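Chemist: Got a structure here, written out as structure tokens. Questions coming.
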Amino acid sequence: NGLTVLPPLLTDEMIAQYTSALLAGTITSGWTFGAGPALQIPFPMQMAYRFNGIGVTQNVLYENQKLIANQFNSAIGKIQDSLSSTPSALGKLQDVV
Amino acid sequence: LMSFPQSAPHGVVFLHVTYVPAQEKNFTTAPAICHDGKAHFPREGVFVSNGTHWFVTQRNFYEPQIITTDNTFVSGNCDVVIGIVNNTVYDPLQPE
């Protein structure tokens, strides 16, 4: 009846590549890649910079990096658990579609 | 840094003067320095090494400075921090 849906310009693969590039730049350069050229930096130092930005001294991170990494891994696991537990996480996109 | 507005027909033009770094170089870094069996952490700089010595510089501009007591603060011992290296710490009171 004339209703034609056009595909988007950037496919799912290109969006995934953009997301992976964003993630790699974030984990390898912090915020330097967004302002200009990417500058490599260890991720513990990036976390120390973030803690200094939120008003926490970096020694608290350099003394509890192990616990912080464990908590981060547990939170990442719980995120996937919540995503697989109920489809209400993407309810906004589902309602749009 | 700063922006300058400009009048335009049915609009406005901002001249965003921004700071863009360039000419970067690779340096060896360490999370902390251990001299008197105690951990040292930079207050605002970052520990860097040019292969021969260790210096403290800004996180946005290369400016090597001697690792002094005024630039670092002690917090805990060395065996807790992972990746800590051994290097002497300068003290301005010692020459006097």
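Naming works like this for the structure tokens: A, B, ... for the chains as they're shown, residue 1 at the start of each chain, ligands 1 onward in shown order.
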Give me, as a VMD selection string, the residues of chain A touching chain B, with the criterion being at most 12 Å (counting only C-alpha atoms).
Modeler: chain A and resid 30 to 49 52 to 53 56 to 66
Chemist: How would the residues just picked look written out with C-alpha atoms as an mmCIF file, in the first residue's frame?
Modeler:
data_model
loop_
_atom_site.group_PDB
_atom_site.id
_atom_site.type_symbol
_atom_site.label_atom_id
_atom_site.label_comp_id
_atom_site.auth_asym_id
_atom_site.auth_seq_id
_atom_site.Cartn_x
_atom_site.Cartn_y
_atom_site.Cartn_z
ATOM 1 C CA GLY A 30 40.855 8.501 29.281
ATOM 2 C CA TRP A 31 39.489 11.856 28.157
ATOM 3 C CA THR A 32 42.476 12.860 26.000
ATOM 4 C CA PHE A 33 41.165 11.294 22.783
ATOM 5 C CA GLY A 34 38.030 13.452 22.910
ATOM 6 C CA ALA A 35 39.831 16.768 23.314
ATOM 7 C CA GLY A 36 42.580 15.966 20.810
ATOM 8 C CA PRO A 37 45.171 13.308 20.002
ATOM 9 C CA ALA A 38 44.922 10.057 21.928
ATOM 10 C CA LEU A 39 47.473 9.724 24.738
ATOM 11 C CA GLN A 40 48.112 6.240 26.101
ATOM 12 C CA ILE A 41 47.831 5.896 29.881
ATOM 13 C CA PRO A 42 47.505 2.926 32.274
ATOM 14 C CA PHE A 43 43.936 2.326 33.401
ATOM 15 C CA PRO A 44 44.830 2.496 37.138
ATOM 16 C CA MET A 45 46.161 6.004 36.489
ATOM 17 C CA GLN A 46 42.923 6.860 34.674
ATOM 18 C CA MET A 47 40.944 5.667 37.698
ATOM 19 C CA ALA A 48 43.231 7.720 39.950
ATOM 20 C CA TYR A 49 42.520 10.790 37.812
ATOM 21 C CA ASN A 52 40.962 13.057 42.021
ATOM 22 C CA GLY A 53 38.197 14.569 39.894
ATOM 23 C CA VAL A 56 39.090 11.585 46.443
ATOM 24 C CA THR A 57 42.841 11.180 46.877
ATOM 25 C CA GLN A 58 44.521 8.665 44.581
ATOM 26 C CA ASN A 59 46.159 6.742 47.439
ATOM 27 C CA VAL A 60 42.737 5.318 48.331
ATOM 28 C CA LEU A 61 42.686 3.809 44.834
ATOM 29 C CA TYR A 62 46.327 2.703 44.853
ATOM 30 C CA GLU A 63 45.674 0.852 48.118
ATOM 31 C CA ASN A 64 42.362 -0.782 47.083
ATOM 32 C CA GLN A 65 42.692 -1.328 43.316
ATOM 33 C CA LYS A 66 42.071 -5.051 43.855
#
Chemist: Please indicate the distance in Å from atom CA of residue B:48 to atom CA of residue B:61, rounded to one decimal place.
Modeler: 12.1 Å
Chemist: Extract, using only C-alpha atoms, all DNA, RNA and protein residues at most 12 Å from residue B:6, discarding same-chain residues fewer than 6 positions from it, and format them as a ChimeraX atom specification.
Modeler: /B:12-16
Chemist: Can you list, as a PyMOL selection string, every residue of stretch 7-88 of chain A that DSSP puts in alpha helix (DSSP H)?
Modeler: chain A and resi 12-29+32-35+43-53+59-85
Chemist: Can you tell me which residues surround residue B:90 at a distance of at most 9 Å, considering only C-alpha atoms, apart from same-chain residues fewer than 6 positions away, and format the answer as a ChimeraX atom specification?
Modeler: /B:66-69
Chemist: Take the residues just selected and output them with N, CA, C and O atoms as a PDB file, in the first residue's frame.
Modeler:
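Once everything was written out, this is out_23.pdb:
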ATOM      1  N   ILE B  66      61.921  18.387  39.554  1.00  0.00           N
ATOM      2  CA  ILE B  66      62.503  17.452  40.507  1.00  0.00           C
ATOM      3  C   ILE B  66      61.433  16.978  41.479  1.00  0.00           C
ATOM      4  O   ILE B  66      60.574  17.755  41.919  1.00  0.00           O
ATOM      5  N   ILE B  67      61.477  15.691  41.819  1.00  0.00           N
ATOM      6  CA  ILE B  67      60.507  15.091  42.733  1.00  0.00           C
ATOM      7  C   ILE B  67      60.852  15.573  44.139  1.00  0.00           C
ATOM      8  O   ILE B  67      61.752  15.038  44.788  1.00  0.00           O
ATOM      9  N   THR B  68      60.133  16.584  44.614  1.00  0.00           N
ATOM     10  CA  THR B  68      60.383  17.176  45.919  1.00  0.00           C
ATOM     11  C   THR B  68      59.269  16.813  46.897  1.00  0.00           C
ATOM     12  O   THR B  68      58.245  16.233  46.533  1.00  0.00           O
ATOM     13  N   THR B  69      59.491  17.167  48.164  1.00  0.00           N
ATOM     14  CA  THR B  69      58.504  16.893  49.201  1.00  0.00           C
ATOM     15  C   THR B  69      57.254  17.751  49.045  1.00  0.00           C
ATOM     16  O   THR B  69      56.159  17.304  49.403  1.00  0.00           O
TER      17      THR B  69
END
Chemist: Quick one: pull the distance between atom CA of residue A:77 and atom CA of residue A:14, Å, one decimal.
Modeler: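 Distance between the two atoms: 26.0 Å.
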Chemist: Report the distance between atom CA of residue A:25 and atom CA of residue A:10 in Å, rounded to one decimal place.
Modeler: 20.3 Å
Chemist: Name the residues of stretch 47-96 of chain B that come out as strand (DSSP E) in a backbone DSSP run; write them as a list in words.
Modeler: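 Taking stretch 47-96 of chain B and keeping strand (DSSP E) only, one gets residues 47, 48, 49, 54, 55, 56, 57, 72, 73, 74, 75, 76, 77, 85 and 86 of chain B.
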Chemist: Selection from above, N, CA and C atoms, as a PDB file, in the first residue's frame, can you write it?
Modeler:
ATOM      1  N   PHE B  47      53.976  11.234  37.731  1.00  0.00           N
ATOM      2  CA  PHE B  47      55.323  10.687  37.679  1.00  0.00           C
ATOM      3  C   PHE B  47      55.654  10.213  36.270  1.00  0.00           C
ATOM      4  N   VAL B  48      56.771  10.710  35.734  1.00  0.00           N
ATOM      5  CA  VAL B  48      57.243  10.336  34.408  1.00  0.00           C
ATOM      6  C   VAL B  48      58.734  10.040  34.483  1.00  0.00           C
ATOM      7  N   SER B  49      59.219   9.299  33.490  1.00  0.00           N
ATOM      8  CA  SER B  49      60.624   8.930  33.400  1.00  0.00           C
ATOM      9  C   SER B  49      61.074   8.981  31.949  1.00  0.00           C
ATOM     10  N   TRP B  54      63.691  10.372  36.976  1.00  0.00           N
ATOM     11  CA  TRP B  54      62.259  10.535  37.180  1.00  0.00           C
ATOM     12  C   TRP B  54      61.947  11.991  37.500  1.00  0.00           C
ATOM     13  N   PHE B  55      60.840  12.487  36.953  1.00  0.00           N
ATOM     14  CA  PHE B  55      60.441  13.873  37.144  1.00  0.00           C
ATOM     15  C   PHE B  55      58.930  13.951  37.312  1.00  0.00           C
ATOM     16  N   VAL B  56      58.474  15.087  37.826  1.00  0.00           N
ATOM     17  CA  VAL B  56      57.052  15.366  37.984  1.00  0.00           C
ATOM     18  C   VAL B  56      56.661  16.474  37.018  1.00  0.00           C
ATOM     19  N   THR B  57      55.591  16.239  36.263  1.00  0.00           N
ATOM     20  CA  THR B  57      55.128  17.191  35.266  1.00  0.00           C
ATOM     21  C   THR B  57      53.609  17.250  35.291  1.00  0.00           C
ATOM     22  N   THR B  72      54.704  16.054  46.518  1.00  0.00           N
ATOM     23  CA  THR B  72      54.127  14.751  46.812  1.00  0.00           C
ATOM     24  C   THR B  72      53.642  14.717  48.253  1.00  0.00           C
ATOM     25  N   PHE B  73      52.795  13.731  48.546  1.00  0.00           N
ATOM     26  CA  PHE B  73      52.285  13.502  49.890  1.00  0.00           C
ATOM     27  C   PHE B  73      52.395  12.021  50.222  1.00  0.00           C
ATOM     28  N   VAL B  74      52.749  11.727  51.469  1.00  0.00           N
ATOM     29  CA  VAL B  74      52.946  10.350  51.904  1.00  0.00           C
ATOM     30  C   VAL B  74      51.624   9.766  52.383  1.00  0.00           C
ATOM     31  N   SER B  75      51.357   8.522  51.983  1.00  0.00           N
ATOM     32  CA  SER B  75      50.141   7.826  52.398  1.00  0.00           C
ATOM     33  C   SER B  75      50.420   6.325  52.337  1.00  0.00           C
ATOM     34  N   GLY B  76      50.593   5.710  53.503  1.00  0.00           N
ATOM     35  CA  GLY B  76      50.813   4.278  53.577  1.00  0.00           C
ATOM     36  C   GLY B  76      52.225   3.878  53.180  1.00  0.00           C
ATOM     37  N   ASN B  77      52.442   2.565  53.165  1.00  0.00           N
ATOM     38  CA  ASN B  77      53.748   2.023  52.820  1.00  0.00           C
ATOM     39  C   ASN B  77      53.815   1.667  51.339  1.00  0.00           C
ATOM     40  N   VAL B  85      57.767   1.980  42.186  1.00  0.00           N
ATOM     41  CA  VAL B  85      59.186   1.899  41.865  1.00  0.00           C
ATOM     42  C   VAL B  85      59.976   2.605  42.957  1.00  0.00           C
ATOM     43  N   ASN B  86      61.281   2.349  42.994  1.00  0.00           N
ATOM     44  CA  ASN B  86      62.141   2.978  43.988  1.00  0.00           C
ATOM     45  C   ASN B  86      62.865   4.174  43.383  1.00  0.00           C
TER      46      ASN B  86
END
